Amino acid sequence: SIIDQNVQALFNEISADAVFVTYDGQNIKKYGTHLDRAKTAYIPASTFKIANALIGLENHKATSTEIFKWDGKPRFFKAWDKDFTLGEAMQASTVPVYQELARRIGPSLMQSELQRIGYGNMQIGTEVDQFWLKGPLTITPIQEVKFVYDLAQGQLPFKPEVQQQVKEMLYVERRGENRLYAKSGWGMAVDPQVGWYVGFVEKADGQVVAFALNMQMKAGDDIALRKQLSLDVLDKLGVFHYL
């Protein structure tokens, strides 16, 4: 149309292989500079926190009220040297809280749960707190978008109230009655490095547009670009207008 051009025009300034996928429940639409990324599998990096919190609440290894206390050994960011609920760590994207969670689940249950839901290639290897940060788990942008679409709908294979709790841990902001939910990721432990911005817009018409930005990253890049680009795209799409 003209909005496709407006969206693709945004990507004409981006000096990085990038793809942006949308899923409204019927149609996958793809935009960006390297459309083949949408079908390529990459480490989920911190976007796996979504599936990690689901599996862990579903299997009685944590609650969303439980405090994950700081054990004193300092952390990569100094904003991490605190106590966190699972929701507070989801939006701080605190990795050691969610590695502790994965150790609580264990490799056996982690593997069988990932098979049970069909997440990515469902591979975890031998390090139960490392597979999403360095492989072997990989997932395509198209898989991430359907996954978070079903989460928005409450249609993942989990107790309805577990989905609702992980859903609200992702909540970012609202504009009128439209609600943005999102989770960023930056996988530095792989070559190439992969950037994620996955989420969905819940409209007032009970309707959902899921989205997944996926792009290549290099050390030094603007950490704010993933979100600012995805929000630009959503506004050109008319899915989540600027106010």
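The first residue of the shown sequence is 1; numbering continues from there. Whichever C-alpha set is largest while still superposing within 1.5 Å between the two forms counts as the rigid core.
Self-check item: More shifted region, core-based fit in 8 other deposited structures of this protein, 66-74 vs 38-46 by CA
Solution: The answer is 66-74, which departs more from the shown form in 8 other deposited structures of this protein.
Quiz prompt | Between stretches 8-16 and 221-229, more displaced by Cα RMS in 8 other deposited structures of this protein (rigid core superposition) | solution = Checking 8-16 against 221-229 in 8 other deposited structures of this protein, I find the farther stretch is 8-16.
Quiz item: Mean CA B-factor: is it higher for 204-212 or for 181-189?
Solution: Averaging CA B-factors over each stretch, the winner is 204-212.
Exercise. State which stretch shows the higher mean Cα B factor in the entry: 126-134 or 74-82.
Key: Looking at the record's C-alpha B-factors, the answer is 74-82.
Quiz item: Out of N59, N27, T40, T47, which shows the largest CA B-factor listed in the entry?
Solution: Across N59, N27, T40, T47, the entry lists the biggest C-alpha B-factor for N27.
Quiz item: In terms of the chain's CA B-factor thirds, is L114 lowest, middle or highest?
Solution: Middle third, going by the recorded CA B-factors of the chain.
Quiz prompt | Assigned third (lowest, middle, highest) for the C-alpha B factor of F11 | solution = According to the entry, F11 has a C-alpha B-factor in the chain's highest third.
Practice problem: Going by the recorded CA B-factors, say which third of the chain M169 sits in, lowest, middle or highest. | Solution: Tercile = lowest for this residue's CA B-factor.
Quiz prompt | CA B-factor placement of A18, once the chain's modelled residues are sorted into thirds | solution = Middle third of the chain for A18's C-alpha B-factor.
Practice problem: Would you check the entry's CA temperature factor for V95 and let me know if it's in the chain's lowest, middle or highest third? | Solution: Its C-alpha B-factor, which the entry lists for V95, ranks in the middle third among residues of this chain.
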